[PDB]
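Next comes just one chain, in structure tokens: the form deposited without the ligand.
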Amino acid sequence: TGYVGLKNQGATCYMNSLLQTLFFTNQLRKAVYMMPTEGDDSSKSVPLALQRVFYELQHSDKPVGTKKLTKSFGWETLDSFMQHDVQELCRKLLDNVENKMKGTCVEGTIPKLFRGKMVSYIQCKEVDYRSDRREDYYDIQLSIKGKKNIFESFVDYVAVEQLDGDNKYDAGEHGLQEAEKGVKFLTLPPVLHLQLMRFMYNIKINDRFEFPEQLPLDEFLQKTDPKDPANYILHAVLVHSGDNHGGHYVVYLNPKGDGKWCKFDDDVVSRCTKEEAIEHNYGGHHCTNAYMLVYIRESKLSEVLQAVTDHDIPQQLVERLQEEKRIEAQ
């Protein structure tokens, strides 16, 4: 296959799945390597622990462990990961990583890859007041309940919500008012993280839900751009088999963005057909389905998946991890 797996070391649920996803964000991996960890304490550094995992994932022949990583950010108890979702983990990690990249030469690699722009508006009906506020996002939570496919989830996400009755909007000087509230997309990031809301208040929905290999998003933008349309390529499918309580977690990746998919199941990585990565995870009348999707903007595919080399890893990092290996071999 060419790639190595991560160890099963407890009920870390989505973690290993997310680590492979980030690791094959080749642009992001190179930045993580540059972070100034030389003076950090392993027992407490999240940025170092993630350098270790990625370095190990790029060079190790054998399943890579994560215990220094779970120790770093303090999710160490039996049910620590059962009490959070991927989206919390992903934001905990990347935000820990970006705070370390600040004041450094790779400041802002995270928002470049992951952050998009939204507008949320409240528009009064019988009165002429409007409030437009721009929001940044690093991922999108899409509702799946009673939607056939990702297009309908996007339809529902930008659908207007009405404010009336006991719910009227406080228009300030204008008093209480009937108004419309919704969101539009200003920008979509090069790397698009879509969580699929199968897990809700505390149960798992296993209904069929379709997503494509190629995801055209132009029609949900406020203003579009030729020479850079919002065409998106499916890079990762994070899969859960079972019901809410207990399950197996796996990730399907075509790491080069070339349509050649592998399955990453903790320590076993095999090639699989496209149909197994995609349609076989739609769910429906069993319990094996996607709860998170990673799309890469087609125009930025080549760059986001730029090849990484042993040269892209700083020598002083290489040195620190090696002495760590040697001390352990005793």
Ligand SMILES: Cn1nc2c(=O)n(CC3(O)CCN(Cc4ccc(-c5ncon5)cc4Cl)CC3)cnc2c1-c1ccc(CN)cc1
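Numbering starts at 1 and follows the sequence shown.
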#### Entry: Chain break class at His285/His286 - deposited residues not modelled
4 to 9
### Task
Taking the mean of the C-alpha B-factors per stretch from the entry, tell me the winner out of 13 to 21 and 311 to 319.
311 to 319
### Query
On average, are the C-alpha B-factors higher in 37 to 45 or in 55 to 63?
37 to 45
#### Entry: Deposited CA B-factor, highest of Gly74, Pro189, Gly257, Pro216
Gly74
### Query
Of the choices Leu89, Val250, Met101, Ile150, which one's C-alpha carries the largest B-factor in the record?
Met101
### Message
Looking at the temperature factor on the CA atom of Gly116, which third of the chain's modelled residues does it land in?
### Response
middle
### Query
Which third of the chain holds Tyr138 when residues are ordered by C-alpha B factor: lowest, middle or highest?
middle
### Query
In terms of the CA temperature factor given in the entry, to which third of its chain does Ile203 belong: lowest, middle or highest?
highest
### Query
According to the PDB entry, is the CA B factor of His84 in the bottom, middle or top third of its chain, that is, lowest, middle or highest?
middle
### Task
Give the position of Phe209 by CA B-factor within its chain, expressed as the lowest, middle or highest third.
middle
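Only in words, not in the display: the form solved in complex with the ligand, which the text now covers.
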### Result of superposing the ligand in the entry with it bound onto shown chain, 2.4 Å backbone or C-beta criterion
blocked
### Message
Quick check on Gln214: any heavy atom within 4.5 Å of the ligand in the entry with it bound?
### Response
no
### Query
Hey, in the entry with it bound, does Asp243 get a heavy atom within 4.5 angstroms of the ligand?
yes
### Query
Would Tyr295 show up as a contact with the ligand in the entry with it bound if we use heavy atoms at 4.5 Å?
no
### Message
Although the partner isn't part of this model, could you tell me whether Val237 comes within 4.5 Å of the ligand in the entry with it bound, counting any heavy atom of the residue?
### Response
no
### Query
Hey, of 256 to 264, 120 to 128, 201 to 209, 216 to 224, which bit sits against the ligand in the entry with it bound at 4.5 Å between non-hydrogen atoms?
201 to 209
### Query
Though the ligand is not shown, can you say which of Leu186, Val155, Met197, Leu176 has a heavy atom within 4.5 Å of it in the entry with it bound?
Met197
## Note on the structure
Of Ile150, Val106, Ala171, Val86, the only residue with a heavy atom within 4.5 Å of the ligand in the entry with it bound is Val86
### Residues from 64 to 78 in contact with the ligand (non-hydrogen atom within 4.5 Å) in the entry with it bound
none
